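A quick write-up on the structure given underneath.
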Ligand SMILES: [Ca+2]
Ligand SMILES: [Ca+2]
Ligand SMILES: [Ca+2]
Ligand SMILES: [Ca+2]
């Protein structure tokens, strides 16, 4: 398996590390998403704790309006982060 | 420090550029670059058609803004779709299915 | 962590459009419309 293939599998495994803790086994509620972000994506936490901003993130990601973040919605979240990392990668040549 | 997921996101970015920067627009994948990325980095995901017509159809459907390139966002739409296939495999198993 | 607030919120303001794009592509793959790629994970 290539690094990219392994990376896609990490996306899947990490989701399920949290999604099965509460309620729907295959979706992230707000608490589960918060844990995932805090523990697995701490490099993306805001400078200050900010519950309002976190609520807005949850709302933004819940595209199908079911009060949960499913796997597809989570892939869109990760893509959005990757797109920012990509802007940094491309945007600052020496 | 970096989590496996943080590292995985960096691999998404680095892999894209390994190929996008070979020719022409250094920040988008042309047909040749996409084909190399797929064949070399996603070989487990290649289907039963390998001909150029089938590849062109894929290119056309990834290239949603019809500029004859696959940009980073278009590439993420594709990777998300692949990850979803893996997730559907994962979720088919019983909850306490053994793993390492 | 970041030096600012709200960057994740900013980056996800158009999540709906991206979900609709992913849904479209996933459906094409699943239905076998793009047989250069598999429709399901396979060994
Ligand atoms: Ca859950
Ligand atoms: Ca949802
Ligand atoms: Ca290029
Ligand atoms: Ca394009």
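Heads up, the Cβ atoms here are built off N, Cα and C, so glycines get one too.
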Exercise. Would you mind telling me which one of B:18, B:35 Swiss-Prot calls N6-acetyllysine?
Key: B:35
Quiz item: Swiss-Prot annotates one residue of B:7, B:57 as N6-acetyllysine; which residue is it?
Solution: B:7
Practice problem: List which of the recorded positions B:2, B:33, B:35, B:65, B:69 have a Cβ under 8 Å from any Cβ of chain A, in sequence order, or say none. | Solution: B:2
Practice problem: Return the residues near residue B:67 (Ca(2+) 2 binding site), defined as same-chain residues 6+ apart in sequence whose C-beta is under 8 angstroms from its C-beta, sorted by sequence, else 'none'. | Solution: B:28
Quiz prompt | Cα distance (Å, whole number) from residue B:33 (Ca(2+) 1 binding site) to residue B:63 (Ca(2+) 2 binding site) | solution = 13
Quiz item: Using a 10 Å radius around each Cβ and counting other Cβ atoms from all shown chains, which of the recorded positions B:28, B:35 yields the largest count?
Solution: B:28
Practice problem: Could you state the whole-number distance in Å separating the C-alpha atoms of residue B:33 (Ca(2+) 1 binding site) and residue B:65 (Ca(2+) 2 binding site)? | Solution: 18
